[PDB]
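The block underneath contains the structure these notes are about, expressed in structure tokens.
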Amino acid sequence: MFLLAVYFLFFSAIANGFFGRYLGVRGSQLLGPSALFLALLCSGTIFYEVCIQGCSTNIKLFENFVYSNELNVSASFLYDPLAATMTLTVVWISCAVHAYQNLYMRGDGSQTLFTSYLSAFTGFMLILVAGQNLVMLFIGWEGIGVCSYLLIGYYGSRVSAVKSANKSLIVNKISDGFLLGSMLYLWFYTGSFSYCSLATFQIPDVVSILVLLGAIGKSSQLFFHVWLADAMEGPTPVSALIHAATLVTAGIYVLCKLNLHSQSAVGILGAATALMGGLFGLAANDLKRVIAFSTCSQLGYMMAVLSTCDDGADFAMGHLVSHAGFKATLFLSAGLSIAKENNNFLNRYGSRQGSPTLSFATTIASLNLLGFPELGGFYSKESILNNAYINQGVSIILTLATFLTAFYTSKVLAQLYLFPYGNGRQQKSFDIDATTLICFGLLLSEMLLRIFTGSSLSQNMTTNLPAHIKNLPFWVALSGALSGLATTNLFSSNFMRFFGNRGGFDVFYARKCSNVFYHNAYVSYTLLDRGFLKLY
Amino acid sequence: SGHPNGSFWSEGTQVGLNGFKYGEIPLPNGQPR
Amino acid sequence: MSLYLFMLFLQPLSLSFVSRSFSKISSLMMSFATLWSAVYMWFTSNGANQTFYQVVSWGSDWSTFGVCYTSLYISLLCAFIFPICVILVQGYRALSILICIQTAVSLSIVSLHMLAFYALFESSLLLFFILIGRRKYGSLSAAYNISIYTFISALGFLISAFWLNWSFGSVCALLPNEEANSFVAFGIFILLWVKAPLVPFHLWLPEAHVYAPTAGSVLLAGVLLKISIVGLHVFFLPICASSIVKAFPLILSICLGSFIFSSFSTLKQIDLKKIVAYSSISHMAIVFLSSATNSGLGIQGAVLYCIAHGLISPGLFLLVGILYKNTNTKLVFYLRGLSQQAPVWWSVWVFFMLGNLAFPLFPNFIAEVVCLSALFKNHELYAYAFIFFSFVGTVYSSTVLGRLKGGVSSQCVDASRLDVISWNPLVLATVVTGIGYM
Amino acid sequence: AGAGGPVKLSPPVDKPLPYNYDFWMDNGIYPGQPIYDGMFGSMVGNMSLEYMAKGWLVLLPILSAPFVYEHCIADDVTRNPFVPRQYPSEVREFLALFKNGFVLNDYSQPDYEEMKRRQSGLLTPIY
Amino acid sequence: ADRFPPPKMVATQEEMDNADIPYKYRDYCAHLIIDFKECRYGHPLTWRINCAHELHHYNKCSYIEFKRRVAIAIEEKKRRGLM
Amino acid sequence: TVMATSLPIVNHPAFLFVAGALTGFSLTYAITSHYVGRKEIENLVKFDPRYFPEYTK
Amino acid sequence: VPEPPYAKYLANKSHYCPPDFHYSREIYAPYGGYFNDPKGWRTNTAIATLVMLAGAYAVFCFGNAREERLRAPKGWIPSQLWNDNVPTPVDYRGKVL
Amino acid sequence: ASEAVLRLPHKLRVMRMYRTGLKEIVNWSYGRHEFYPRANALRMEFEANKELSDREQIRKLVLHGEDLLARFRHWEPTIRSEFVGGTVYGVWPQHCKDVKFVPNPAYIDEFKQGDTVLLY
Ligand SMILES: CCCCCCCCCCCCCCCCCC(=O)OC[C@H](COP(=O)([O-])OCC(O)COP(=O)([O-])OC[C@@H](COC(=O)CCCCCCCCCCCCCCCCC)OC(=O)CCCCCCCCCCCCCCCCC)OC(=O)CCCCCCCCCCCCCCCCC
Ligand SMILES: CCCCCCCCCCCCCCCCCC(=O)O[C@@H](COC(=O)CCCCCCCCCCCCCCC)COP(=O)(O)OCC[N+](C)(C)C
Ligand SMILES: CCCCCCCCCCCCCCCCCC(=O)O[C@@H](COC(=O)CCCCCCCCCCCCCCC)COP(=O)(O)OCC[N+](C)(C)C
Ligand SMILES: CCCCCCCCCCCCCCCCCCCC(=O)O[C@H](COC(=O)CCCCCCCCCCCCCC)COP(=O)(O)OCCN
Ligand SMILES: CCCCCCCCCCCCCCCCCCCC(=O)O[C@H](COC(=O)CCCCCCCCCCCCCC)COP(=O)(O)OCCN
Ligand SMILES: CCCCCCCCCCCCCCCCCCCC(=O)O[C@H](COC(=O)CCCCCCCCCCCCCC)COP(=O)(O)OCCN
């Protein structure tokens, strides 16, 4: 029963991408959503069996996947509470994205290949989450990396999309290299790759740094966030999957599965990434970019909370699962707005008659991001902010990030709906089928269920804080939202420009790192092999 | 736009070969290659 | 073993008696018969015989032949990859040269005598000079490079073999001999240094590969580079272990430098064949270092990675040859829109390039993991150095794929039925090894 | 219309090419781009590397000020008004083993010095 | 620390293991966390309304423990002379 | 005029002032709250007679 | 330009194809063409669904044989209906069910 | 100012400065409502100095306005999607005809396909 979900996704991938000539566009519009629905039924069974009823299961497919001398690893799947929760969230979001793609990608030539890549992408994410050993996780990590390369660069005749895919691939190579080094350290000194025997009470700092460096790649933290903003070249369904669940979450999942992180580093890196991402999102004028910077900020919050307390891992995973739903909703709604208006710029959006479902889903997702009380996003974010009070540095930065988050989120909501119409007087239209309505029904259902069921066991446990300190996140969010509605100026033009250039990390890489890389290549080749050592 | 006859479950509008596999042209009378 | 050797001797023999019009058919059938004989040799090789599975002697120390773990894998790889080379080559002259080269190489792998090893491997010296220097599509410079580099390295190896034969009285591997001499170790080592391209003795390889025919390039990358690992495991580590341990800091410096400089040089390449050639040079460094550690994990990892390369590099060279036949260009700048224009060629190209980058479902991943584990067994820094610099391979491969993937093109340049037939065995073998049937 | 939109084709090369022309990516559509944007040519927003560095110089102190206080100026005794969570002896001893744990900062404990030395552990494996 | 002695531990090792209580949660309030955990998992979606008595009791015990921790801190600080 | 048609209150001076005051108070309070909150938490125990008889009088 | 003779064998433009969009119809891709919609798609999809259900049956058999639960579930689990290796549930207190 | 702008005559330079300033007003605005007052302000700014005849003062004004328009260049220009610099530019470019397709490729001299070694 547990294997079935992975089978359904890989089957949908093979069918759509190898037998699409027979199935057709309509055949992929059937087999994709059907397989994802079946996988949702299996994931729901897994979630009930493991999470609610505390029944972890291990399925060993085969032994001796790698058998060289002492080194021995097997392909085995352990469904633990973290795996069940992530499997459920991933499959729910993927099923929604598959339903969404039926209408969105009708205007794209390869809808069969797109559906195939989406299902293979979901399968590799489930392999990463459910792996019982570090090698299976690496298999999933690389599979999602390759699927992202094949999906971001889907538009090959655009130089920006191919460059965005190359950027993703290179950054992910650097990260998985650090991970491979850490896995080698852990195998050598613990004797196994299985997480049960992997447990080490005291680990040398080197392994901790290598683990963190590996994780900061997929979960785009500071210095490694360049690829996320660029990943906007790909079609909207890809962005929803990568940002909401498949890619950003993997780093957090790795850090939570093996608690080798160092408190000092994770807190500072997280709080910095939260603030920087919020500031970058303030300057952004593309709808899809703002939601990416919001993803960066939220990832910063999840990374930061690990430092605060022992329950930080539970709080981080709880935020991760709460975030995937609303963030997916934000991307799908942004895509539909872009499709309906033929515009990507916030300036040209405005009030216009539309579907009630889409406008409500956008409002509720934005409210969850903002932190509106009595919402799934609110509980998962307050759990972090309240517990971070002990670390004075992390708390102050995270509150400032909450303010900036509220400001941009409110500005975006005002610009997309409240603001008067800003596009031209030309005939534009995108009619929504019942499949899109089902997709939004699924996202809203996830959002509602999250409030009733919660995200962590310790979510509502009392944090012994004065009332003024416990309710401050709300006041900061409200103040930011009010300032964002008024569309006031917060920073001087020098800083607004700085934030628009994203801190100039990419300008540094191009002017110095890329030039050094190609000078090393020039010395290695032109000066030496084909110069000094080449005959006349 | 929409579906060809307004129904999703209708026969495909394309009759013929989507492409030539390996670049080979089908024999007119159905003679095997 | 006897069946394999007999089939090997029959394949060059068959050409003398064929009709000159049936040459290609006979050569293909002989290649398949040699593959089947290799499978029989594998069947008749019992794991119970831990040291050497089978040893045969035909009256002298020179005619002593035997199969071990390294020898068995390399011989099976040569027999698997030869049919592809055969079908890709046309003409009696070309067939004769290729069949003689293959017979010499396949006899070298199973040889257990250093002098016989030298006699068989270096017999195919003029044939490569003539093949790489062919009238219209060949370069005399590349032929001279490969020939001179081979002659100098093999002559040094020969001098070391003569000293070992004088001092011990025999040069057969089956007789346990140990030597602490550094001159003799260097003599044996220099051959390995040149044959498996290691900086700064790697210049001969790219020239030869670019100006060789596709059958020649496939054979060269697929198995000719591997002949170094057979010499290391069979003729160097047993006798000159002390010198490898004495020089380990230098060996590591030269191997890592080769990996780095080759990776950086691959970045400045505009020709697809040169890109594949420099990728091979970079990949050889890990195999050489892993074997030099003289550990179980290293010898197994090196042989496994060699098989993975011997399955991934012929695929890329085959696809490059097919593309060149379709377009008469190897410049990445002229080739654009290949995704839209050749969806079937593109799929296989992307798959093989993913294999070259050591992704998990490919044999390269397992092999790399084992080799890195062996390096980590030696020192953690040794492993880290290799793991970090692997990104350079990604940068060049990504740039190439991106340039080829999109653009505007007015030519439909896709593979024919013959081209798919030629890569299907390589694809299936890659998949099978990737899933763990190494 | 997503598919079939008009595009401008890049003009064919008509002059001797520079040696380092591989730095330019041209697929045949008119707007070709550098291999890495910002390496050369027009810079986004007309902002040089010097401008970005001056910005980071202005920003860095303000961002680092919260972190430097608690981490360096503050001490375990004064960081928080309470002690770390109190556990039974059997639970506490096991929890103290974890280097990345939160019970190692309990000054009240008579094993504080050992726990503090455990927290500041080895940089690299000794063997 | 000595002035404010630890409370008696109602939960035994066997009970904490049987309820699958992690080590971090074994902090003198484990019996109440066992009650809350059993009720929350028993009512998967309705726990927020139904399981409120157990949460209240846990929060109260946690409050008392927090007050003890602050008292211990103040006593240590006075012993060192800082305040 | 920011949102004349839909939400004209934003342009009103009172709204701008109230929003700015909320921003100021919340942001400055976030920094200052650490000292203030830590004081209310130390004081809660120190002035409780059962926990500390000496301070109470 | 007079369409080549083979053009009769090739398929027409599908309903979903935008009228302005021009693509070469001779190119073959395994994933399908530019807009597909082949005749006989309904049968192909039914065959696909049957192969999916058969493979699901095989996967279910394999998983059930290899699913090892070594710790008793806290309460009743759905796996009991189909798999007989589930340990008898024990609750939080410890009572067997 | 770039070389192409500098070569332009005075009249074309001022027209270009007005055009660019209006586009930058659009880029820095949050809605169409902001554009109208800002565009009227820009118009008044140009109208105020239009009757100046002193060449030196005119040069100073032009140079300063060019420096202002260089500094205030937006990181994200507001460009229509279908135009160069737009998201949908090049997504599925229209294929040109006259494509060279080789029919039955493997059946052209099937037995003798391969590479030959020519010798002297
Ligand atoms: C008992 C019952 C009966 C059952 C049968 C059992 C009998 C057993 C053996 C009997 C088989 C007949 C032997 C064949 C004799 C003639 C062969 C020949 O002429 O070759 C080309 C000839 C093709 O003739 P063609 O196409 O009509 O045109 C040639 C024209 O005459 C001129 O054309 P061109 O001017 O355009 O020249 C172009 C040239 C391009 O120019 C070059 O490349 C020159 C390169 C110099 C030599 C190549 C150096 C490397 C050769 C390595 C040896 C190959 C085997 C590798 C195994 C390693 C062995 C250590 O390319 C070639 O000629 C072919 C390239 C590769 C062939 C080279 C191999 C021949 C080596 C010596 C041949 C024997 C001649 C002895 C003379 C006897 C009285 C005069 O025959 C072949 O089919 C290919 C060669 C077959 C090699 C088997 C011969 C044994 C040699 C291996 C040495 C082992 C020791 C001997 C023991 C053998 C068993 C006891
Ligand atoms: C042009 C192509 C068009 C056609 C496409 C073909 C579609 C291929 C389908 C993909 C295959 C996926 C199956 C992956 C498992 C590989 C099957 C296998 O290796 O058989 C195993 C038996 O194991 C199985 O059958 C696995 C069950 C397969 C299906 C179960 C769930 C399916 C979901 C896919 C997830 C698999 C993740 C594994 C990642 C490593 C052999 O058993 P042993 O005797 O132990 O062999 C020794 C082990 N070793 C190979 C290392 C030497
Ligand atoms: C792990 C257990 C089960 C494993 C199943 C894996 C999922 C399916 C794997 C199928 C084969 C793996 C690799 C297929 C060949 C690689 C080429 C490829 O994937 O795509 C080809 C073409 O695709 C195919 O024809 C075959 C794809 C069928 C299924 C692919 C699913 C996604 C691949 C999985 C990634 C492989 C994992 C390797 C590392 C873990 C090229 O696509 P583009 O470069 O994007 O250009 C297409 C044109 N356009 C511009 C419009 C986008
Ligand atoms: C006690 C002794 C003291 C030391 C004294 C040393 C004195 C000299 C020793 C040098 C011996 C090395 C022999 C190689 C000479 C270089 C090659 C000749 C250069 C050359 O022009 O060859 C052309 C092509 O060669 C090529 O294309 C080959 C390129 C270069 C070959 C690289 C050499 C192999 C690797 C070198 C060392 C490797 C390990 C060393 C242990 C063919 O010219 P042509 O046919 O047109 O004739 C027309 C006349 N110009
Ligand atoms: C500068 C860096 C070195 C470059 C080599 C890098 C990596 C190569 C390592 C190869 C591994 C095995 C080879 C064994 C030794 C070769 C080089 C080792 C380094 C070396 O030169 O040591 C020398 C001794 O070696 C010797 O006495 C023999 C040196 C090699 C001879 C050169 C040509 C020989 C060709 C002979 C052909 C066949 C002859 C067979 C009879 C002197 O070191 P030391 O111990 O005196 O320390 C005194 C310092 N204070
Ligand atoms: C919150 C955690 C921190 C996140 C990021 C913090 C980064 C802080 C580092 C910047 C602050 C110190 C900068 C050094 C002082 C330089 C002051 C003026 C700079 C200058 O004059 O030259 C520049 C050197 O580039 C440079 O300044 C490069 C030096 C940067 C050191 C490497 C640190 C990584 C930087 C990554 C992001 C920083 C983006 C902007 C630096 C531009 O040189 P030129 O191109 O005009 O020369 C002409 C080409 N012949």
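Please note that chains go A, B, ... in the order of the structure tokens, that every chain numbers its residues from 1, and that ligands are numbered from 1 in the order shown.
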Q | 7 Å shell around ligand 6 using only C-alpha atoms and all ligand atoms, listed as a PyMOL selection string | A | (chain A and resi 223+272+503-505+507-508+511) or (chain D and resi 48-50+52-54+56-57+60+63)
How would the residues just chosen look if you wrote them out with N, CA and C atoms as a PDB file, in the first residue's frame?
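Listed below is the output, part_0.pdb:
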```
ATOM      1  N   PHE A 223      23.396  33.629   0.108  1.00  0.00           N
ATOM      2  CA  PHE A 223      24.574  33.289  -0.696  1.00  0.00           C
ATOM      3  C   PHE A 223      24.236  32.184  -1.689  1.00  0.00           C
ATOM      4  N   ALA A 272      18.891  36.224   8.863  1.00  0.00           N
ATOM      5  CA  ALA A 272      19.395  37.032   7.761  1.00  0.00           C
ATOM      6  C   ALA A 272      18.623  36.747   6.485  1.00  0.00           C
ATOM      7  N   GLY A 503      20.740  42.871  -3.586  1.00  0.00           N
ATOM      8  CA  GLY A 503      21.947  42.834  -2.795  1.00  0.00           C
ATOM      9  C   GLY A 503      23.205  42.704  -3.616  1.00  0.00           C
ATOM     10  N   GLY A 504      23.074  42.582  -4.933  1.00  0.00           N
ATOM     11  CA  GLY A 504      24.212  42.485  -5.821  1.00  0.00           C
ATOM     12  C   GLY A 504      25.032  41.228  -5.660  1.00  0.00           C
ATOM     13  N   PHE A 505      24.417  40.142  -5.194  1.00  0.00           N
ATOM     14  CA  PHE A 505      25.139  38.878  -5.119  1.00  0.00           C
ATOM     15  C   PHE A 505      25.522  38.387  -6.511  1.00  0.00           C
ATOM     16  N   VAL A 507      25.828  40.245  -9.303  1.00  0.00           N
ATOM     17  CA  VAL A 507      26.815  41.138  -9.908  1.00  0.00           C
ATOM     18  C   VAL A 507      28.210  40.815  -9.384  1.00  0.00           C
ATOM     19  N   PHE A 508      28.314  40.437  -8.106  1.00  0.00           N
ATOM     20  CA  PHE A 508      29.605  40.025  -7.571  1.00  0.00           C
ATOM     21  C   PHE A 508      30.074  38.755  -8.257  1.00  0.00           C
ATOM     22  N   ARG A 511      31.149  39.646 -11.995  1.00  0.00           N
ATOM     23  CA  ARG A 511      32.357  40.448 -12.155  1.00  0.00           C
ATOM     24  C   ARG A 511      33.590  39.742 -11.604  1.00  0.00           C
TER      25      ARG A 511
ATOM     26  N   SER D  48      26.804  49.730 -10.291  1.00  0.00           N
ATOM     27  CA  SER D  48      28.084  49.048 -10.375  1.00  0.00           C
ATOM     28  C   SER D  48      28.326  48.203  -9.126  1.00  0.00           C
ATOM     29  N   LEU D  49      29.397  47.406  -9.171  1.00  0.00           N
ATOM     30  CA  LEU D  49      29.782  46.614  -8.007  1.00  0.00           C
ATOM     31  C   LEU D  49      30.163  47.507  -6.831  1.00  0.00           C
ATOM     32  N   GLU D  50      30.795  48.648  -7.112  1.00  0.00           N
ATOM     33  CA  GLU D  50      31.167  49.584  -6.056  1.00  0.00           C
ATOM     34  C   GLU D  50      29.942  50.099  -5.309  1.00  0.00           C
ATOM     35  N   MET D  52      27.076  48.513  -4.961  1.00  0.00           N
ATOM     36  CA  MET D  52      26.540  47.427  -4.152  1.00  0.00           C
ATOM     37  C   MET D  52      27.375  47.246  -2.892  1.00  0.00           C
ATOM     38  N   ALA D  53      28.703  47.338  -3.027  1.00  0.00           N
ATOM     39  CA  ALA D  53      29.576  47.186  -1.871  1.00  0.00           C
ATOM     40  C   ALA D  53      29.339  48.297  -0.857  1.00  0.00           C
ATOM     41  N   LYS D  54      29.160  49.535  -1.332  1.00  0.00           N
ATOM     42  CA  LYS D  54      28.888  50.636  -0.412  1.00  0.00           C
ATOM     43  C   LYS D  54      27.558  50.429   0.298  1.00  0.00           C
ATOM     44  N   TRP D  56      26.181  47.464   0.999  1.00  0.00           N
ATOM     45  CA  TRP D  56      26.370  46.401   1.979  1.00  0.00           C
ATOM     46  C   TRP D  56      27.145  46.912   3.186  1.00  0.00           C
ATOM     47  N   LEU D  57      28.062  47.858   2.961  1.00  0.00           N
ATOM     48  CA  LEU D  57      28.816  48.466   4.053  1.00  0.00           C
ATOM     49  C   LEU D  57      27.906  49.279   4.961  1.00  0.00           C
ATOM     50  N   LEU D  60      25.329  46.213   6.603  1.00  0.00           N
ATOM     51  CA  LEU D  60      25.904  45.173   7.461  1.00  0.00           C
ATOM     52  C   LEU D  60      25.940  45.524   8.947  1.00  0.00           C
ATOM     53  N   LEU D  63      22.443  45.251  10.570  1.00  0.00           N
ATOM     54  CA  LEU D  63      21.942  43.881  10.628  1.00  0.00           C
ATOM     55  C   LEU D  63      22.676  43.063  11.682  1.00  0.00           C
TER      56      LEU D  63
END
```
Go through chain A residue by residue and, counting only C-alpha atoms and all ligand atoms, keep those with an atom at most 10 Å from ligand 3; for each kept residue give the shortest atom pair and its distance in Å to one decimal, ordered by chain and increasing number, as a Markdown table.
```
| residue | atom | partner | partner_atom_place_in_ligand_line | distance |
| --- | --- | --- | --- | --- |
| A:6 | CA | ligand 3 | 2 (C) | 8.4 |
| A:7 | CA | ligand 3 | 3 (C) | 8.2 |
| A:9 | CA | ligand 3 | 7 (C) | 8.7 |
| A:10 | CA | ligand 3 | 5 (C) | 5.6 |
| A:11 | CA | ligand 3 | 5 (C) | 8.2 |
| A:12 | CA | ligand 3 | 29 (C) | 9.1 |
| A:13 | CA | ligand 3 | 31 (C) | 5.4 |
| A:14 | CA | ligand 3 | 29 (C) | 5.2 |
| A:15 | CA | ligand 3 | 29 (C) | 7.9 |
| A:16 | CA | ligand 3 | 28 (C) | 7.2 |
| A:17 | CA | ligand 3 | 28 (C) | 3.7 |
| A:18 | CA | ligand 3 | 28 (C) | 5.1 |
| A:19 | CA | ligand 3 | 28 (C) | 8.7 |
| A:20 | CA | ligand 3 | 28 (C) | 9.2 |
| A:108 | CA | ligand 3 | 51 (C) | 8.5 |
| A:109 | CA | ligand 3 | 51 (C) | 7.0 |
| A:110 | CA | ligand 3 | 51 (C) | 5.7 |
| A:111 | CA | ligand 3 | 51 (C) | 8.9 |
| A:112 | CA | ligand 3 | 28 (C) | 9.2 |
| A:113 | CA | ligand 3 | 23 (O) | 6.5 |
| A:114 | CA | ligand 3 | 52 (C) | 7.5 |
| A:115 | CA | ligand 3 | 31 (C) | 8.9 |
| A:116 | CA | ligand 3 | 31 (C) | 5.3 |
| A:117 | CA | ligand 3 | 32 (C) | 4.6 |
| A:118 | CA | ligand 3 | 32 (C) | 7.8 |
| A:119 | CA | ligand 3 | 31 (C) | 7.5 |
| A:120 | CA | ligand 3 | 7 (C) | 4.8 |
| A:121 | CA | ligand 3 | 32 (C) | 7.0 |
| A:122 | CA | ligand 3 | 7 (C) | 9.7 |
| A:123 | CA | ligand 3 | 7 (C) | 7.6 |
| A:124 | CA | ligand 3 | 1 (C) | 7.0 |
| A:127 | CA | ligand 3 | 1 (C) | 7.8 |
| A:136 | CA | ligand 3 | 1 (C) | 9.7 |
| A:138 | CA | ligand 3 | 40 (C) | 9.1 |
| A:139 | CA | ligand 3 | 40 (C) | 6.0 |
| A:140 | CA | ligand 3 | 40 (C) | 7.0 |
| A:141 | CA | ligand 3 | 40 (C) | 8.1 |
| A:142 | CA | ligand 3 | 40 (C) | 5.3 |
| A:143 | CA | ligand 3 | 40 (C) | 3.7 |
| A:144 | CA | ligand 3 | 40 (C) | 7.4 |
| A:145 | CA | ligand 3 | 39 (C) | 8.0 |
| A:146 | CA | ligand 3 | 35 (C) | 5.8 |
| A:147 | CA | ligand 3 | 35 (C) | 5.6 |
| A:148 | CA | ligand 3 | 35 (C) | 9.3 |
| A:149 | CA | ligand 3 | 45 (O) | 8.2 |
| A:150 | CA | ligand 3 | 45 (O) | 4.8 |
| A:151 | CA | ligand 3 | 45 (O) | 6.7 |
| A:152 | CA | ligand 3 | 45 (O) | 8.9 |
| A:153 | CA | ligand 3 | 45 (O) | 6.8 |
| A:154 | CA | ligand 3 | 52 (C) | 4.4 |
| A:155 | CA | ligand 3 | 50 (C) | 5.5 |
| A:156 | CA | ligand 3 | 50 (C) | 5.0 |
| A:157 | CA | ligand 3 | 50 (C) | 7.8 |
| A:162 | CA | ligand 3 | 44 (O) | 10.0 |
```
Q) So, counting only C-alpha atoms, which residue among H:108, H:48, H:63, H:117 is closest to chain B? A) H:108
Q) Which is closer to chain B than all the others in A:254, A:4, A:449, A:23, using only C-alpha atoms? A) A:23
Q: May I ask you to extract the residues of chain B within 9 Å of chain A, using only C-alpha atoms, and to give them as a ChimeraX atom specification?
A: /B:8-9,12,18
Could you list, as a CSV table (one decimal) with N, CA, C and O atoms, in the first residue's frame, every residue within 12 Å of residue 58 (chain H), counting only C-alpha atoms and ignoring same-chain residues fewer than 3 positions away?
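For reference, around09.csv as written:
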```csv
chain,number,residue,atom,x,y,z
H,10,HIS,N,20.0,68.2,-31.0
H,10,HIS,CA,19.4,68.8,-29.8
H,10,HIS,C,17.9,68.5,-29.7
H,10,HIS,O,17.4,68.0,-28.6
H,11,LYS,N,17.1,68.7,-30.7
H,11,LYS,CA,15.7,68.5,-30.7
H,11,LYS,C,15.4,67.0,-30.4
H,11,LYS,O,14.6,66.7,-29.5
H,13,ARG,N,17.4,64.9,-28.9
H,13,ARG,CA,17.9,64.6,-27.6
H,13,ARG,C,16.9,65.0,-26.5
H,13,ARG,O,16.6,64.2,-25.6
H,14,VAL,N,16.2,66.1,-26.7
H,14,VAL,CA,15.2,66.5,-25.7
H,14,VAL,C,14.0,65.7,-25.8
H,14,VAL,O,13.3,65.3,-24.8
H,46,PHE,N,9.8,70.3,-18.2
H,46,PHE,CA,10.4,70.6,-19.5
H,46,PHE,C,10.0,71.9,-20.1
H,46,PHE,O,10.8,72.7,-20.7
H,48,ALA,N,9.2,74.5,-18.6
H,48,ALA,CA,9.7,75.7,-17.9
H,48,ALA,C,11.0,76.2,-18.5
H,48,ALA,O,11.2,77.4,-18.6
H,49,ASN,N,11.9,75.3,-19.0
H,49,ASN,CA,13.1,75.7,-19.6
H,49,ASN,C,13.1,75.7,-21.1
H,49,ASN,O,14.2,75.9,-21.7
H,50,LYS,N,12.0,75.5,-21.8
H,50,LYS,CA,11.9,75.4,-23.2
H,50,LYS,C,12.4,76.7,-23.9
H,50,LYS,O,13.0,76.6,-25.0
H,51,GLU,N,12.0,77.8,-23.3
H,51,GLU,CA,12.3,79.1,-24.0
H,51,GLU,C,13.8,79.6,-23.8
H,51,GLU,O,14.1,80.6,-24.3
H,52,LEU,N,14.5,78.9,-23.0
H,52,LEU,CA,15.9,79.3,-22.7
H,52,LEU,C,16.7,79.3,-24.1
H,52,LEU,O,16.6,78.3,-24.9
H,53,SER,N,17.5,80.3,-24.3
H,53,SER,CA,18.3,80.4,-25.5
H,53,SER,C,19.8,80.4,-25.2
H,53,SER,O,20.6,80.1,-26.2
H,54,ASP,N,20.2,80.6,-24.0
H,54,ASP,CA,21.7,80.5,-23.6
H,54,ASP,C,22.2,79.1,-23.8
H,54,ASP,O,21.7,78.2,-23.1
H,55,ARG,N,23.1,78.9,-24.8
H,55,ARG,CA,23.6,77.6,-25.1
H,55,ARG,C,24.2,76.9,-23.9
H,55,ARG,O,24.0,75.7,-23.6
H,61,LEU,N,21.6,72.1,-18.3
H,61,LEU,CA,20.3,71.5,-18.0
H,61,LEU,C,20.2,70.1,-18.6
H,61,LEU,O,19.8,69.1,-18.0
H,62,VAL,N,20.7,69.9,-19.9
H,62,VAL,CA,20.6,68.7,-20.6
H,62,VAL,C,21.5,67.7,-19.8
H,62,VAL,O,21.0,66.5,-19.6
H,63,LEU,N,22.7,68.0,-19.5
H,63,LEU,CA,23.6,67.1,-18.9
H,63,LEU,C,23.1,66.7,-17.5
H,63,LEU,O,23.1,65.5,-17.2
H,64,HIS,N,22.5,67.6,-16.7
H,64,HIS,CA,22.0,67.2,-15.4
H,64,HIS,C,20.8,66.3,-15.6
H,64,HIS,O,20.7,65.3,-14.8
H,65,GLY,N,19.9,66.6,-16.5
H,65,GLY,CA,18.8,65.7,-16.7
H,65,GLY,C,19.2,64.4,-17.2
H,65,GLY,O,18.5,63.4,-16.8
```
Write out as CSV a residue-level contact list of chain A versus ligand 2 with cut-off 6 Å: for each qualifying residue the closest pair of atoms and the distance in Å to one decimal, counting only C-alpha atoms and all ligand atoms, rows sorted by chain and residue number upward.
```
residue,atom,partner,partner_atom_place_in_ligand_line,distance
A:3,CA,ligand 2,31 (C),5.2
A:6,CA,ligand 2,33 (C),4.8
A:7,CA,ligand 2,33 (C),4.0
A:18,CA,ligand 2,3 (C),5.8
A:61,CA,ligand 2,26 (C),4.8
A:62,CA,ligand 2,45 (O),4.3
A:63,CA,ligand 2,45 (O),5.5
A:64,CA,ligand 2,51 (C),5.2
A:65,CA,ligand 2,51 (C),3.8
A:75,CA,ligand 2,40 (C),5.4
```
